[PDB]
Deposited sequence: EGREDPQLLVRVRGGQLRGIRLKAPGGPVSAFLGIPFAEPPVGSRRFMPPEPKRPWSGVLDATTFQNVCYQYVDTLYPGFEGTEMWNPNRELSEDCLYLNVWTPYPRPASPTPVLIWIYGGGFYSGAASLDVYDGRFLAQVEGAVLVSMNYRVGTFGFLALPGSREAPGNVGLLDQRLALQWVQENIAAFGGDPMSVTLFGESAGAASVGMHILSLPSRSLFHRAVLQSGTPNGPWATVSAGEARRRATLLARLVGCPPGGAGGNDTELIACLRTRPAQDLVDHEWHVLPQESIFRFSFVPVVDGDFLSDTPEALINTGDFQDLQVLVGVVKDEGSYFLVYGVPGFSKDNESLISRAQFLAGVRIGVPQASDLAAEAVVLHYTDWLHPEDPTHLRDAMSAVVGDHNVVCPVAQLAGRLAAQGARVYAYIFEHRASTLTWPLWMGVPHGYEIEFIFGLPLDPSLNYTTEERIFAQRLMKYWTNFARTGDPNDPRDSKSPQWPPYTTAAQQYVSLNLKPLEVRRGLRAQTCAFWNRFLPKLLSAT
């Protein structure tokens, strides 16, 4: 040492770190980027649970984002910001188990509530280094300690031969769990309070958050949870052991491969070869289905998330959950004929019928017809605008909105304090077309406070709006209650209960309270369809 900024030097269990002083619009923050929390899961460690990182010597430089976990890179619209904002922004590698820490500058004197972000990406993609996950605004404006981790995705994170020693499945979730243990042991060195840790995540990250609620060893590592547009229940977040084994065995043959010999051969393949065949193992033509996701192993997940939310005790739990207004629209362009970002995507009745089969790929013919009859407007059954919007609603309701409504309802009934929202504001900077409405994932930039960066060209009201949301999320992190304790003047956010089913609209206007999360429609998906399934 000697001439470095003494506020950027910090020791953790593994050794000494040097962080970087970043500028936020309102002042400096401290960032510690690319902290390794596991041994590199490479070579003979591919598909294995993570091992804790062994101490290093000297001062590790923690001023850069580290590698992104090896993953599929989306090529649907090459050069388009709407797609590439999600793509990896650092080199791809299997050596990718690193985490990031943002704190106030100087670091806080009293211990400060910790927010831990778990990114989404369908369990096949994602990185904690993306611009929309930038912790500097929450750290500067709300004084939060923010932690985000990389976790293995795709085959490297979730390929499972259930019951094997060499590929037990869910190691991507164990990566996240190891980072949670790293926070417990080390975050006090940054001024963070290990006894006040809130998990929040979006989509597959939200499902991940839900899995930690449901997995007993993770429960001692956090105290509150936010689930944005995703759930551990629902039709895409888990597979059975049987289906996971079928998908892993098919991927093995597609790349040229007793479970030990199979996994051993898979470990000899280049990472890119596995990624090149990941999408080829899905049982049906589908959207909103991902090849390698958490498996119901009877270990991390002692049973299906359905069984666990329906029965478990949650009296100690405080959860914030919500959806965007148009959950489904984004996904139609990845497989439903007739949908494009470049047209209005007005579709015919025939294309709606074919789309329902692709967006509800596990549905029998009778179930599909039930869906079509429910979502058809029988005063205008052939109107292309209603059919396009109905296709988006089918996909959003089946995959996100109704799994969330079920989760909120079971959690509230079984002792949890639940707060629910619908996010209804479309960013003025959105590059996706207008028919997509408020698409999946486009509340994240407001939670993290990107509008406060003047160079990103958001409106003044969007900055005020972002600050409202940062206050809601951090108040909840701090107290289990998103409401401002000193501000009773503003309209209040009531908890979701089974009796009143209250939630709030999040938009440019003051909080408005609404009742029922798609109550009629979600009864169709959550109560009727499963009973139809049993026939």
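Residues of the deposited sequence lacking C-alpha coordinates, counted from 1, fall in the stretches 258-264, 543.
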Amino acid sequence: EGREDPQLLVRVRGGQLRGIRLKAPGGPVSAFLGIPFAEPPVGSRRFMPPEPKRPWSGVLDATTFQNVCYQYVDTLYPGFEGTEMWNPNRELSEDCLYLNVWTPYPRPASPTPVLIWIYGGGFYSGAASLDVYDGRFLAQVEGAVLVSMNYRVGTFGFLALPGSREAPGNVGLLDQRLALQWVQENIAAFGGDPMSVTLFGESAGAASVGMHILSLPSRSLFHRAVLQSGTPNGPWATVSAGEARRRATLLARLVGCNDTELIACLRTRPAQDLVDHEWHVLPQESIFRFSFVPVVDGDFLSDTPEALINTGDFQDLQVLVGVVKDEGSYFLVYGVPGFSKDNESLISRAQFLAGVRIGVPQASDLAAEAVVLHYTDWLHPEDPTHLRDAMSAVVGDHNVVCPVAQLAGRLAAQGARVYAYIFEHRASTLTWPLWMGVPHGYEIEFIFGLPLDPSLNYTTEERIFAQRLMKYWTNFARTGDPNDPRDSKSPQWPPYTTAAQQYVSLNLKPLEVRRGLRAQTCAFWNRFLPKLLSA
From here on, numbers count along this sequence of modelled residues.
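Higher mean CA temperature factor, per the PDB entry, when comparing 466-474 with 495-503: 495-503.
Here 141-149 and 261-269 are compared by their mean Cα B-factor, and 261-269 comes out higher.
Taking only the listed residues 119, 331, 378, 123, the entry reports the highest CA temperature factor at 378. When the C-alpha B-factors of 281, 366, 183, 407 are ranked from the entry, the top spot goes to 366. When the CA B factors of the chain's modelled residues are split into thirds, the value for residue 243 lands in the middle one.
In this PDB entry, the Cα temperature factor of residue 47 sits in the middle third of its chain's modelled residues.
In this PDB entry, residue 77 carries a Cα temperature factor that places it within the highest third of its chain's modelled residues. Residue 223: CA B factor in the middle third of modelled residues in this chain (values from the PDB entry). Ranked against the other modelled residues of its chain, the C-alpha B-factor of residue 306 as given in the entry falls in the highest third.
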